[PDB]
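Some notes on the structure that comes next.
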Amino acid sequence: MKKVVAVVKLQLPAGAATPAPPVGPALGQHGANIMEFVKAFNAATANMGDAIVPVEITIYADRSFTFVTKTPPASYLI
Amino acid sequence: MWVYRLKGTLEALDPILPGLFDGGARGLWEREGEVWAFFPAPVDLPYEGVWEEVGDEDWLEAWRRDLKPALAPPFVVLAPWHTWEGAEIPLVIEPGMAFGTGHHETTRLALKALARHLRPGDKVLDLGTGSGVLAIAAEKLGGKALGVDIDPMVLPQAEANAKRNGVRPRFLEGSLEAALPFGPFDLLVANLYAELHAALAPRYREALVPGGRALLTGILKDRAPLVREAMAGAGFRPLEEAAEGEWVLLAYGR
Ligand SMILES: Nc1ncnc2c1ncn2[C@@H]1O[C@H](CSCC[C@H](N)C(=O)O)[C@@H](O)[C@H]1O
Ligand SMILES: [Cl-]
């Protein structure tokens, strides 16, 4: 059972995830692999230029995680 | 680094967020009742938030420090950076984006149950393989494993984990149906929820040779009766039950 322990909501500049805050403390709090997220997020958003990327990180009870990125916020593109 | 703390949610503070980014914000984090906006330095802002200096902590070294080997005798589940000096069989699993890091009761119950029942040379089905940890353990015990998962995103992760461990289980996308042409099996291990086991029980019978074993976990203690009922209806004989915290593993003979 993929039991969820947290849903972390961030907004990061595309390709600009780092192990510093916010990602460091946010994922670190729940024991999730910070660098795996950084690498995966940056790869997934690599062709998005300077867009602001909302991302939701779902962290499971065994420290594994998945994430989903959303469409740039209304304000931005508005 | 500095943080600018604002009352509200990201959705609620949406209209002012581009102004935080224009001012040099490196990222936003929604916390309980607040948004935390991180900056290299503070700036004159019109929004009535609160500035705090937060230093520069090594979050990566902290993460590695607090993640410890997960013991599940006869196995120990290790991250790639861990050392181990005991007689335990090591399983190296990258904590990543697939369930099965070894840091859950259910994964551990299943590893112990594999040790009790897996005869050298036997064919093993790991149904819902996730990180590949159970299939990899099966190989370490001399079993010939097939790991299957409905989630295609986990399978490259399971492959990478097998390579870290110098073993060669087969991995496939799909569920029980997809596995059937590769069996029947001598042993089935399945870390799944109670209602899915109950639905699959007749098919579990089909997947196993007489004298085979089914090792079912992922079952909350209070949902165990449903699985006992299902496996009885499908002709299995009960072997042991094991528990850790609120979780149970139920073993059956085919
Ligand atoms: N019907 C189904 N058939 C095959 N896999 C399934 C499934 N329903 C869920 N899954 C997979 O089952 C896995 C359960 S998590 C368990 C992972 C690992 N075997 C461990 O013991 O820790 C998930 O990766 C999920 O994608
Ligand atoms: Cl912080």
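Residue names in the structure tokens use chain letters A, B, ... in the order shown, residue numbers from 1 in each chain, and ligand numbers from 1 in the order shown.
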Using 9 Å as the limit and counting only C-alpha atoms and all ligand atoms, can you tabulate each residue of chain B that touches ligand 2, with its shortest atom-to-atom distance in Å and the two atoms involved, as CSV?
residue,atom,partner,partner_atom_place_in_ligand_line,distance
B:1,CA,ligand 2,1 (Cl),8.5
B:2,CA,ligand 2,1 (Cl),8.4
B:3,CA,ligand 2,1 (Cl),7.4
B:36,CA,ligand 2,1 (Cl),8.6
B:38,CA,ligand 2,1 (Cl),8.4
B:53,CA,ligand 2,1 (Cl),8.9
B:54,CA,ligand 2,1 (Cl),5.7
B:55,CA,ligand 2,1 (Cl),8.0
B:56,CA,ligand 2,1 (Cl),8.5
B:57,CA,ligand 2,1 (Cl),8.4
Serialized selection, N, CA and C atoms, as a short mmCIF file (atom, residue, chain, number, x, y, z; two decimals), in the first residue's frame:
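Dumped to out.cif:
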data_model
loop_
_atom_site.label_atom_id
_atom_site.label_comp_id
_atom_site.auth_asym_id
_atom_site.auth_seq_id
_atom_site.Cartn_x
_atom_site.Cartn_y
_atom_site.Cartn_z
N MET B 1 20.53 32.07 2.81
CA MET B 1 19.24 32.40 2.16
C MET B 1 18.31 33.10 3.16
N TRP B 2 17.34 33.83 2.62
CA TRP B 2 16.28 34.46 3.41
C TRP B 2 14.93 33.90 2.97
N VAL B 3 13.96 33.97 3.88
CA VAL B 3 12.58 33.62 3.55
C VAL B 3 11.68 34.84 3.81
N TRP B 36 5.99 30.33 1.94
CA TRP B 36 7.38 30.67 2.21
C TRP B 36 8.08 30.90 0.90
N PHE B 38 11.56 32.07 -0.91
CA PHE B 38 12.99 32.08 -0.62
C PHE B 38 13.78 33.01 -1.55
N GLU B 53 16.06 35.37 8.17
CA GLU B 53 17.30 34.81 7.63
C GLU B 53 17.36 33.33 8.07
N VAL B 54 17.58 32.42 7.12
CA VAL B 54 17.46 30.96 7.40
C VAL B 54 18.76 30.17 7.25
N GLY B 55 19.85 30.88 6.97
CA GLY B 55 21.16 30.24 6.82
C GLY B 55 21.28 29.42 5.54
N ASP B 56 22.18 28.43 5.55
CA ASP B 56 22.43 27.60 4.36
C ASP B 56 22.83 26.17 4.76
N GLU B 57 21.83 25.35 5.11
CA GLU B 57 22.05 24.00 5.65
C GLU B 57 22.31 22.98 4.54
#
Residues at most 10 Å from region 16-27 of chain A, counting only C-alpha atoms, excluding those fewer than 2 positions away in the same chain, as a PyMOL selection string?
(chain A and resi 6-14+29-42+45-46+50+52-53+57-59+63+65) or (chain B and resi 1-3+26-31+36-39+54+56-60+62-63)
For chain B, which of A:61, A:78, A:68, A:43 is the closest residue, counting only C-alpha atoms?
A:61
Close residues to ligand 1 using only C-alpha atoms and all ligand atoms, limit 10 Å, as a ChimeraX atom specification
/A:1-3,62 /B:97-111,126-135,147-155,158,172-179,189-193,196-197,199-200,216-218
Apply DSSP to the structure's backbone, then extract all residues of chain A labelled helix (DSSP H, G or I) and return them as number ranges by chain.
A: 23-28, 34-44, 74-77
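Distances from B:220, B:92, B:249, B:76 to chain A were compared using only C-alpha atoms, and the smallest one belongs to B:220.
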Could you write out, as an MDAnalysis selection string, all the residues of region 32-169 of chain B that DSSP marks as strand (DSSP E)?
chainID B and resid 34:39 50:53 70:72 75:78 89:92 123:127 144:149
Skipping near chain neighbours, those fewer than 6 positions away, what residues fall within 12 Å of residue 87 (chain B) using only C-alpha atoms, listed as a PyMOL selection string?
chain B and resi 71+73-76
Restricting the calculation to only C-alpha atoms: of B:167, B:219, B:78, B:187, which residue gets closest to chain A?
B:219
Which residue is closest to chain A? Choose from B:194, B:91, B:118, B:50 and count only C-alpha atoms.
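Going through B:194, B:91, B:118, B:50 one by one, the smallest distance to chain A is for B:194.
When only C-alpha atoms are used to measure the gap to chain A, the shortest distance among B:43, B:141, B:52, B:96 belongs to B:96.
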Report the distance between CA of residue 185 (chain B) and CA of residue 212 (chain B) in Å, rounded to one decimal place.
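Taking CA of residue 185 (chain B) and CA of residue 212 (chain B), their separation equals 7.3 Å.
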For residue 233 (chain B), please output as a list in words all residues within 12 Å (counting only C-alpha atoms; exclusion window: fewer than 2 positions along the same chain).
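Everything that qualifies: residues 198, 199, 200, 201, 202, 203, 204, 205, 226, 227, 228, 229, 230, 231, 235, 236, 237 and 238 of chain B.
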Limited to N, CA and C atoms, could you put the picked residues into a file as a short mmCIF file (atom, residue, chain, number, x, y, z; two decimals), in the first residue's frame?
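Once everything was written out, this is again_5.cif:
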data_model
loop_
_atom_site.label_atom_id
_atom_site.label_comp_id
_atom_site.auth_asym_id
_atom_site.auth_seq_id
_atom_site.Cartn_x
_atom_site.Cartn_y
_atom_site.Cartn_z
N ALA B 198 -8.43 -10.16 -2.75
CA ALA B 198 -9.69 -10.90 -2.69
C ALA B 198 -10.22 -11.19 -4.10
N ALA B 199 -10.10 -10.19 -4.98
CA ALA B 199 -10.53 -10.34 -6.36
C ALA B 199 -9.66 -11.34 -7.11
N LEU B 200 -8.36 -11.36 -6.76
CA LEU B 200 -7.38 -12.14 -7.52
C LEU B 200 -7.23 -13.58 -7.07
N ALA B 201 -7.73 -13.89 -5.87
CA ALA B 201 -7.57 -15.23 -5.28
C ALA B 201 -7.80 -16.41 -6.26
N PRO B 202 -8.92 -16.43 -7.03
CA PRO B 202 -9.08 -17.54 -8.00
C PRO B 202 -7.93 -17.57 -9.03
N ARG B 203 -7.46 -16.40 -9.42
CA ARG B 203 -6.38 -16.33 -10.41
C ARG B 203 -5.03 -16.70 -9.79
N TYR B 204 -4.87 -16.43 -8.49
CA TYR B 204 -3.67 -16.85 -7.76
C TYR B 204 -3.55 -18.38 -7.78
N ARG B 205 -4.70 -19.06 -7.68
CA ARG B 205 -4.70 -20.51 -7.76
C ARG B 205 -4.15 -20.94 -9.12
N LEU B 226 -11.19 -10.61 5.11
CA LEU B 226 -11.61 -10.60 3.70
C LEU B 226 -10.68 -11.46 2.85
N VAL B 227 -9.39 -11.37 3.15
CA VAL B 227 -8.40 -12.13 2.40
C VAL B 227 -8.43 -13.59 2.80
N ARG B 228 -8.58 -13.88 4.09
CA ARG B 228 -8.75 -15.27 4.53
C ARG B 228 -9.95 -15.93 3.84
N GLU B 229 -11.06 -15.19 3.75
CA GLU B 229 -12.32 -15.66 3.13
C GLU B 229 -12.07 -15.95 1.63
N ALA B 230 -11.47 -14.98 0.94
CA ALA B 230 -11.17 -15.13 -0.48
C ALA B 230 -10.29 -16.35 -0.78
N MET B 231 -9.23 -16.52 0.02
CA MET B 231 -8.25 -17.59 -0.26
C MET B 231 -8.83 -18.96 0.12
N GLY B 235 -9.65 -22.31 -2.53
CA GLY B 235 -9.04 -23.60 -2.23
C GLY B 235 -7.65 -23.64 -1.61
N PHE B 236 -7.15 -22.51 -1.14
CA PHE B 236 -5.85 -22.48 -0.48
C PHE B 236 -5.93 -23.01 0.95
N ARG B 237 -4.82 -23.57 1.39
CA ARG B 237 -4.63 -24.01 2.77
C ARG B 237 -3.82 -22.96 3.54
N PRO B 238 -4.29 -22.56 4.73
CA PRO B 238 -3.58 -21.53 5.49
C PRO B 238 -2.27 -22.05 6.10
#
